[PDB]
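First comes the structure, then the notes that go with it.
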Amino acid sequence: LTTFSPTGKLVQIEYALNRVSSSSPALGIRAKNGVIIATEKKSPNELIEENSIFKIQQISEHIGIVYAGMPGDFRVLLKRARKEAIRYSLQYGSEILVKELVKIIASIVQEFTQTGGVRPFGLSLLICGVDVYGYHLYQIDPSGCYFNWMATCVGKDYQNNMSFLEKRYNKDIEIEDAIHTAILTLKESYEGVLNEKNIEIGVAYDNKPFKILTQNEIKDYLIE
Amino acid sequence: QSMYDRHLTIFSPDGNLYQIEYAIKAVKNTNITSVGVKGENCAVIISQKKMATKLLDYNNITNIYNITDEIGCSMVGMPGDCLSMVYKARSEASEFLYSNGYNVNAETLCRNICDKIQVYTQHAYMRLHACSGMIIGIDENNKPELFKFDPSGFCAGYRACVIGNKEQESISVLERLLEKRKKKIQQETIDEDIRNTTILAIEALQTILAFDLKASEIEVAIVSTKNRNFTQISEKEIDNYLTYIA
Amino acid sequence: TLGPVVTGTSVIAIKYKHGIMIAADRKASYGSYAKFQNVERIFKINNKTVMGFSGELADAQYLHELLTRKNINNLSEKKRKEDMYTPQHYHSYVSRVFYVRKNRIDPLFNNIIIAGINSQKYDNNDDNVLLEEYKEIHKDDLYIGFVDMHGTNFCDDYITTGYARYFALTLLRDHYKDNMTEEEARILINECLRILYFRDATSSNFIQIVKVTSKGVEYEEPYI
Amino acid sequence: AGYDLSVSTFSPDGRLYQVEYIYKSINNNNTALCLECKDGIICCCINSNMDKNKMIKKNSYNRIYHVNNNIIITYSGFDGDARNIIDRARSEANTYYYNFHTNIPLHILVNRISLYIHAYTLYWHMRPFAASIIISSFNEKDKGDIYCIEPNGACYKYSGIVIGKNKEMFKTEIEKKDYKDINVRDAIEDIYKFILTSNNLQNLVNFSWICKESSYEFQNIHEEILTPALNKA
Amino acid sequence: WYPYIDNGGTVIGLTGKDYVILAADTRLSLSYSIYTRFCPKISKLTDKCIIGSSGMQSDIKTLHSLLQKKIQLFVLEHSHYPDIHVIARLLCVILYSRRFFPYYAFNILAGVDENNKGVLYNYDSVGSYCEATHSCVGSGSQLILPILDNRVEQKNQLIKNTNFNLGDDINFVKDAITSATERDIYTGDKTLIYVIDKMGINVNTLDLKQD
Amino acid sequence: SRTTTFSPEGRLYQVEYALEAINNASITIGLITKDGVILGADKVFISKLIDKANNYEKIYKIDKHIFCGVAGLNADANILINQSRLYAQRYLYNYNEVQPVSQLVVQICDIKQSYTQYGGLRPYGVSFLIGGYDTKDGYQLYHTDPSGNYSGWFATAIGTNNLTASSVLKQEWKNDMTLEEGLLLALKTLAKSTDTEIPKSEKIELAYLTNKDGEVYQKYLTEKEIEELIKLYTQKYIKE
Amino acid sequence: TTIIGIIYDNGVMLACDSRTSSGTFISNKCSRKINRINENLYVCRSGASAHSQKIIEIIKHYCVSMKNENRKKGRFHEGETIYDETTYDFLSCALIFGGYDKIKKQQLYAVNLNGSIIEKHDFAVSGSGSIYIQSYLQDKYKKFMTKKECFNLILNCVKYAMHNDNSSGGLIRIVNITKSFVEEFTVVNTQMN
Amino acid sequence: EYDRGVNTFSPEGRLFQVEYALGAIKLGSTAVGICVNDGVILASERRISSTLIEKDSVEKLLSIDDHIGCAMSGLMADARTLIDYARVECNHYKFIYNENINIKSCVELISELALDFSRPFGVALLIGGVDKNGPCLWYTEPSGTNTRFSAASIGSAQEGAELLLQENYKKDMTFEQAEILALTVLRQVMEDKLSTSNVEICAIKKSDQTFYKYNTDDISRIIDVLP
Amino acid sequence: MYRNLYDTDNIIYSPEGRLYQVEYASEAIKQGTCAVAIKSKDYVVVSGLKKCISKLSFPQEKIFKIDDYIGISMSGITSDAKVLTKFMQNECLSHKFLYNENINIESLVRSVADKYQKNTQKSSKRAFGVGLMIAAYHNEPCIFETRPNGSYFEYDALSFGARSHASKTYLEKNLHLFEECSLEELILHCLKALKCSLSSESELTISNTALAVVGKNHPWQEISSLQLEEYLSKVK
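Residue numbers (the deposited numbering), protein chains in the order written: chain B, 10 to 233; chain A, 6 to 58, 65 to 257; chain N, 2 to 132, 149 to 241; chain G, 6 to 203, 210 to 244; chain M, 30 to 240; chain C, 7 to 246; chain H, 1 to 89, 146 to 249; chain E, 7 to 123, 136 to 245; chain F, 1 to 236.
Set out below in structure tokens:
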């Protein structure tokens, strides 16, 4: 029942976009030999074990996802994302393409806007992964649209967070060199200067299966 | 004024679900607390045994409900919403056996509960379930597991956590109580976790509730290895552990 | 179900002045042999009416439970002693259960005999579900009904189901008298079931005689 | 700002309004009472609605119901809405009797009735129930137990409980005498003395006791034991 | 499992000016052994229209009670007792309501509607109602129908016995049913000669050959 | 209120706001030539971090001979394309032949019309220039609205600044237009609609059908339109 | 595939062979004809082994979903078996239910093809090889016995039921049931001579 | 002011959505029906102000069956839906029972369809027939009250025709007696002249038990008697 | 904030604790005509007053018939009362078809009162605003009645909304009906209730007061249009 407005814009969608504009910052940057993703994990205390609460989940052996909104919604969209990675894998024996997968999740998010008595999704996705047509890094909007980004951020204060990427990014960057330009876009962007194994980073890892980098592995890059 | 918090599936201009936000305040208004803490190869839940705000039989009122013989859990908040949540968990954990053979895992149980909770959020079918709880239980990996879930979707999981009306005055105490065993002595594991974790658990509850903590108004449960039963510790052992503070 | 795998023997219901006399053995044959020899067939359904079997004993539980349940529901609304379900009601209800099964193909092979006292002039306005002198009835307040597996239903003064229809009923159609004494009725069945011991291939001893009088539902167990 | 309209709306304070009004609805209806004894569980039900009809039969308006021979149920509130819960109670016993061939125990029936009342609270279209239910029984080996079901679940085991228009009055009268070890034949005369305190000499109080070693099954009021009421002491 | 059996029996119908005669037998015979000698096969509906049948009792007690339900539902919704023409069309759709599983019970509808007009409706087990001045239905269908055929329709050159009073005709049906018990097996003994005159019905009984 | 209710003026509310919601969207140009229909687009640039070389979300593909240029809500556009692709294929599965566009817009405007009539749901804030080739009546170019009142055309400029860009096609368009001359004709109206004099080429996208008895339906690369952009410099088919 | 259930003076015992022949061939040698349900009751089924594993699965699901409905340490015994009968509203399979109870001391009673009305039984026995020892059991079985008496009785019972049967098992299984729930799966391997 | 819900009550014990339609039936064309001892005679106007109409496609006296005729008022678009429903159930009754339906059993089913709890049907009828027990005339309302009338009137001018029938109805009036009476009440409340086109009377005689529409030729011999 | 929020919905409850939407239905039965029934030892007579809306109209029926020994008399709106009559007719007739005994009276009203309950919790369907009056005889003649909320009261005499207070007071001091075994004194006692509780200066009983009796050897015999005006409508 999220109807229109006299100005010609959905008001519930604009309200939903404010929720992703005030959550933890998610950041993905593509490269020429893989795609990387990062998320500022706001650790509230030492009681929450890091191996339970995560911001980087998998869809298949080559698809990575990132969350940027309502934590309670970080699982329902994941269940239908993995289900679509299975329904395509049952009929078609090969792997699910990212463009074929993102167009289905965008259709699922869309149906939660036109249906009566429902609420739009309070999150922004970041689907990334190795494909047979190169690499990809898409971003799903609560409105239902999707963009074929190259390097983007969706969390809190992204108007100036993207400014680091508009001036410190080249078309031909390796995945190992893109890690430090991503950490700089997190530590040197805003508060959270005590970045000591409090950042989750997933990579495509040059056509190998999706690898979730461990805390001590990121520590090698956290020294700079 | 008539703000935007009437329905449950309607976002606010700033982007906050106020029907969920008010539901969390329902748990903080029941003035019933509970502490859960996982140590080495064990985990315990400490209840409070208080009426959700004469002749009431105190053995019947409780805040501990076993979902299965391996996975136990606690419940707080409104008494009506917490009872139905156990039935929506017992009928789910037992359904896992009929649909998958193995016993349900502790981490899978909480995520399957949150899936049904999230469905009632996006749809205006029913009212939110004003409750919370600490799902306890060991897994096949011979490791203890603890998980807390809010009225919204959450599968946080903590090595020591407090649920109830005093979550804003206990993290500063549970961190010290956990530090009183991790970076301290930490000699070995002589399978005496009960004398090591539960003693360092009841002490945490006494630091939260300023009362004398009568043994006939508190009941705990252990799911440690060699036991595996979510057994409610008897009254005589509770009163015996209360004298260990001296 | 299909095929009488666990059959039963035949019962004999005869009415007299003090009450209803019923009798049945305890043999539950598995077709060609006596598997169970200590089962009960005379089932208590009320404080004034009972019912017997024949046919498949397995297709009797789907009728016993569907009948004892109705007694507790009626007992929970006993606002007067006349609100008890008369035997006319139970016999007509059982016939409706068999008629709706006859519309389908599964008939639940049984030849249920329903007997009881169809009156309320003897004070029993207190029920003892979980556990002096007799009276004389006018022969019209004693209801004994028969129900075939095809749904045939009626009521008479002496009914005999199953295989004893060709043996018991013959000796009983001419030897039956009106207002028989208690010793006359039991000596009539004792000399009758003796004929059903040398001719019926599926019959035995342990005649569980049950009498329904104006004071209760008794139980006895001779051995001939 | 008017947030107590539907049942699915949560108040900003944290309370659940539109369900707390039901307690103010059962506080204006007639009362019911029950208590533990060393010989059984005597019940009670006062129908303080004498000033308007005066034409009903003496023993007609009965508010004592039983699912079977050993579990009694009473009402406190809207008498029409309580009929629907008894229908769900007897059907719960009959469904349990089909699947398990035994009488339904008390600790499994109360948990199934409370779920039925609570289930109508969650809906945005169905109105919640308006009747508090008292469920009790008396085992042969174990002693009795009285479960009280109010709106919005909350099944609680009691030992004596009164609900109605004088719940803050009769509660003080039960704690005086230890009813846990007295009898049933003397408590019935003590119960009739309480009603006279708080309003006429009328036989509008119909009640039965589940056990007096009378096969430990739900009996009736047994008028002959009720007529020698100590109307003065 | 065959769900169609025949309990055996018969019903005889006759007419005239202001009278119809319906007679039956109460032998509720099972497969091959007679079970009860008393089971009425005719049941009154209104004060001027009865119904006879002869199939299995499973499709008779139901069909007679179902017809009593749909006829009592009609009288308290119109405040007028139905005639036979309306009750004849009523059984036409009840029997056709179960075309895939027909009621194994043929029927007889007798009664008076106008001042005299003795009508008699008879039909098969599927629902093709047809008016007739005389009919027989049941186990003794093929044995009584030609006897009655020599009284109403004629084949003689001299049309004998033109008059037909209720007194002599009543003894004629008793003569036909007695002629059925001797030659047919399923014909019972206790008979119920129902006579519907202008004022009402009778319950004139007669006990036949117990064989 | 809801879309089910009318208004005292006789118009509607939800379908009227959707007609205005597409006015705040990027422009698209339609054009029928003597060789094949061509389309235009305007990639709205949120930032310079998009791919800008492999994809574009303003012109899609319906079938091997039917293609549309969408304009409006990019989110709601993907549903109708996922709905028109089925009708363009269910017709092949039921009649073993290609579907005429005249029988496609009717099949797709009814799905919009069905939303502005019942269900109590919001309408589709989308409107697109759908064109194709058929054996019955050659090249065609239709145009749908959020209400469903489709209509045939020769040139349309929906999106933002429609009235200005449509006036360009009132004079500069000719009945006989070749493929290369039509592209230059549609290139100027696509550029002057955004109040600019030359496209940055890291902008607007074009498509063209030109059935060579097989319906090639080639799209355009960022390098192929450079030659078209250069030809606009020399021969300027100006605003006027 | 014989199954013998003999009652004690205090508890009960169960016995079964392990053959499960599939068309004059042993495809699942040394299988489990007996099955566990809880700490106080076991279920040993025979007959058609096709739908047998499904009924054991549904019973295990309906037992766990029922024991947690009361409290943590209380199941019931008669209630669970009548639920197994209601699941026959076909799947031809004979079952044996036996175990200790909180109300009565012990309880053992069969479930035939379609009707479980064999309560208060004493020497329940079913299966294919059950036809060969129905008389031998009726003679050597007294009213009250001891633990070693019933263990030595059912040992020859399964032995005699295997000495003259094509569906003779390999290693036999014997399960005990008591108040303390000893439940030791005493497996015997010796055969007749 | 309580007008949102359709099934809301009133503190004075009254309905609201039904009462709105009570005034909607006072805007249609007037009609009048008289139940005499020999049959039932109906009458109505014909607002065919625009001469371009066919004059036969618009009718105010349709037929439920061959034995039951009725009038219409209020919403003409909704009146046809109830008449089409009455034409089904009355005909469905003839297929089950061989006799014609009784008006008491027909008006009770035409009223239960106005109990959709959509919206209540804003239409009042004047169902009349000679089914059995002589002729009967019934008048239904959107509220469901079925009152058997001897002579009533429905329409925009039903108030004036009400008191006229009270001062003119006699029990011993034949067909030709009431036929002039069915027009004198129409001559009073009429913004035109009682020509041979504005009036559309029809009657159901007790003899043939069927209805017969009085055509243009037969009504000319009745409108010229000058009551 | 009060007086207009908790008024139009069948779901919301007042802060005092009263379902005000259902409470309007209980008052909605008071706008109807009067009715009265007398329970004797072996007979039950029901006196119902019809309402002639116009001189040309006919008095609409008030007393109905359900079975041979069961007859009701509505008092309220004819819309919902007719629906409950069909529900009570299909229910009692099914009992004589599914079984052969007659339907128990209290077991019948329990189904009718349940029909009110089902139309009280749902938000769509409203409550039946109609005061039923079930008068029957099975073994002891009992008189039951319902309200919009589920209720039963084995009454001995009643009244229904027109001049109920003037009629209730007459029955409060007339409790000798139990011993007035003569049917003639019963029907005169029942008609005297309406005569002493009619409107001011109105026609007493000019053949427009429906009367029905039921008893031991009496089915639901509607009092004919001749037996009442000969001596019953002529004594006063």
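Idealized CB from N, CA, C, for every residue including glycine.
What's the call for residue i, buried or exposed, on a 16-neighbour Cβ count within 10 Å?
i	result
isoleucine 204 of chain C	exposed
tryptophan 220 of chain G	buried
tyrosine 9 of chain A	exposed
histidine 165 of chain F	exposed
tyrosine 101 of chain B	exposed
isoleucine 201 of chain A	exposed
In the DSSP assignment, find the alpha helix (DSSP H) that holds residue i and state where it starts and stops.
i	result
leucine 164 of chain H	Note, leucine 164 of chain H: premise wrong, no alpha helix (DSSP H); beta strand (DSSP E) at 162-167.
Beta strand (DSSP E) containing residue i: first to last residue?
i	result
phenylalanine 123 of chain E	From DSSP, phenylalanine 123 of chain E is part of no beta strand (DSSP E); its letter is neither H nor E.
Do we get a CB-CB distance below 8 Å when we pair residue i with the residues of chain M?
i	result
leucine 5 of chain F	no
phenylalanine 54 of chain N	no
Measure how close the beta-carbons of residue i and residue j come, nearest whole angstrom, since I'm counting them as under 8 Å.
i	j	result
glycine 11 of chain H	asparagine 232 of chain H	7 Å
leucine 51 of chain M	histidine 163 of chain M	Rounded, the Cβ-Cβ distance is 11 Å, inconsistent with contact.
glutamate 230 of chain A	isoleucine 244 of chain A	7 Å
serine 142 of chain G	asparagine 75 of chain G	6 Å
So with Cβ pairs under 8 Å, would you call residue i a contact of chain G?
i	result
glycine 79 of chain H	yes
I'd like to know whether the C-beta of residue i is nearer than 8 Å to at least one C-beta of chain H.
i	result
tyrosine 69 of chain A	no
Let me see if you follow: with CB-CB separation under 8 Å, is residue i close to chain N or not?
i	result
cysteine 68 of chain M	yes
Considering only DSSP beta bridges, list what residue i is partnered with.
i	result
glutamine 66 of chain B	B/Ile74
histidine 176 of chain F	The partner list for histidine 176 of chain F (beta bridge, DSSP) is empty, contrary to what the question assumes.
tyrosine 160 of chain N	N/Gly117
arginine 166 of chain E	E/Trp156
Give a yes or no on whether the minimum CB-CB distance between residue i and chain E is below 8 Å.
i	result
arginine 163 of chain F	no
When the cut-off is 8 Å and only beta carbons count, does residue i lie next to chain A?
i	result
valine 64 of chain H	yes
So, does the CB of residue i fall closer than 8 Å to a CB anywhere in chain F?
i	result
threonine 177 of chain N	no
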